[PDB]
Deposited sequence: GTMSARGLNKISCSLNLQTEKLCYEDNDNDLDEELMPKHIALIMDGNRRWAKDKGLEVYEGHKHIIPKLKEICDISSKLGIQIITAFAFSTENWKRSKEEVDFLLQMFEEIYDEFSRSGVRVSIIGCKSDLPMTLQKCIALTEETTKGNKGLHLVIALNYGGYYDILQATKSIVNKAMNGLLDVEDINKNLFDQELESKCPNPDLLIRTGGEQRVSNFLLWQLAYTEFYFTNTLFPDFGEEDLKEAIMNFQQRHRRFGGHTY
C-alpha cells in the first residue's frame, strides 16, 4: 500500500553549491594527445584533486565526492588496474597534513590489504580536520550503494528492529554510504553525457554540468565557469 500526495518535503539540497560531485574523465586521451604513456595523465589525478579542493574550500564549498573507480572498471586492462590501485596510496602524502577530512565509500573489503591499511590510516589521520570533506568513491557504484542499504534494511526487519511501514526516504538516506546533503552540482569532464552508475539515489535533483575538457586540463578557470553556470540556473524541485 502506497501514499505520496500529502507526504512531506524531504529534500537534501541547496549562490554557492554546498556539495559538488565530480566524475574525472579523460586521462588516457590526455596522455595520447600530448604524447606520454597512458601511465601518465593518471599521475595527475591526485595533484589536480588536491588543487580542486583548495580552490573549492576557498569558495565556501563544503563537500566534494569524486568518482575514482567504479565497480565496472575492474574489467579494464590487467596492467592498468594494478597500477591505479597502488597509485591511490599516495593520497596519504597529499592530504594527511592538510585541513581536509577524507573518507572513502565503497566495498573496501575486496581491495589489497595494503590499500585497506592506507585508506584506514588516511581516514583516521584526517578525521579531525575542520575543513572541506573529500569523499573518494573507490570500488563504488550506484547499484551497490542501494543494494547494501537494502540488505541492511532487510536484516533489521528480520530482527524486529523495524517494520515495512517504517521504510521511507529518511530511513534509506541513513543506510546509504553517500548521505545528505546530496550534490547540488555534478561536473563530468571528458565529453561523455551520462552518469555511468556513479551516484543514482543522490542525484534526483542535482544540476548537471558537462564539459569536453579532459580532466588534467581542468584548472581553476574551468571550475569557476562551472560554478557560474550553476548560479545562472533556476531550481524548482517540482514546484512553482
message: If I number the deposited sequence starting at 1, which residue ranges have no C-alpha coordinates at all?
response: 1-11, 26-34, 261-262
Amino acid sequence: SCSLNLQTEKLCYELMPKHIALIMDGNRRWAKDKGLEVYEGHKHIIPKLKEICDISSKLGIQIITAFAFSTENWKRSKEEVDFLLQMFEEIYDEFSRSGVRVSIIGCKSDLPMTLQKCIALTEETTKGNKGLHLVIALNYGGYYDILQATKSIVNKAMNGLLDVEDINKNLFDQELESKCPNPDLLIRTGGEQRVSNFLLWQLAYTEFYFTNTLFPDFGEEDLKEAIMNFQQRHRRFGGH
From here on, numbers count along this sequence of modelled residues.
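In this text, the rigid core denotes the largest set of C-alpha atoms whose superposition between the two forms falls within 1.5 Å.
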message: Quick check: by Cα RMS after rigid core superposition, does 36-44 or 194-202 differ more from this form in 5 other deposited structures of this protein?
response: 36-44
field: Higher-deviation segment by CA RMS in 5 other deposited structures of this protein, core fitted, 170-178 or 27-35
entry: 27-35
query: In at least a third of the other compared PDB entries, does residue 13 have no coordinates?
result: yes
- prompt: On average, are the C-alpha B-factors higher in 5-13 or in 228-236?
  reply: 5-13
- prompt: On average, are the C-alpha B-factors higher in 185-193 or in 26-34?
  reply: 26-34
message: Comparing recorded Cα B-factors across 161, 167, 81, 147, which one is largest?
response: 81
field: residue 156 CA temperature factor, ranked by third within the chain
entry: lowest
query: residue 140's Cα B-factor: lowest, middle or highest third of the chain?
result: middle
- prompt: Should residue 178 be placed in the lowest, middle or highest third of its chain by the C-alpha B factor in the entry?
  reply: lowest
statement: The third of the chain into which the C-alpha temperature factor of residue 70 falls is the highest
query: By its CA B factor, does residue 105 count among the lowest, middle or highest third of the modelled residues in the chain?
result: lowest
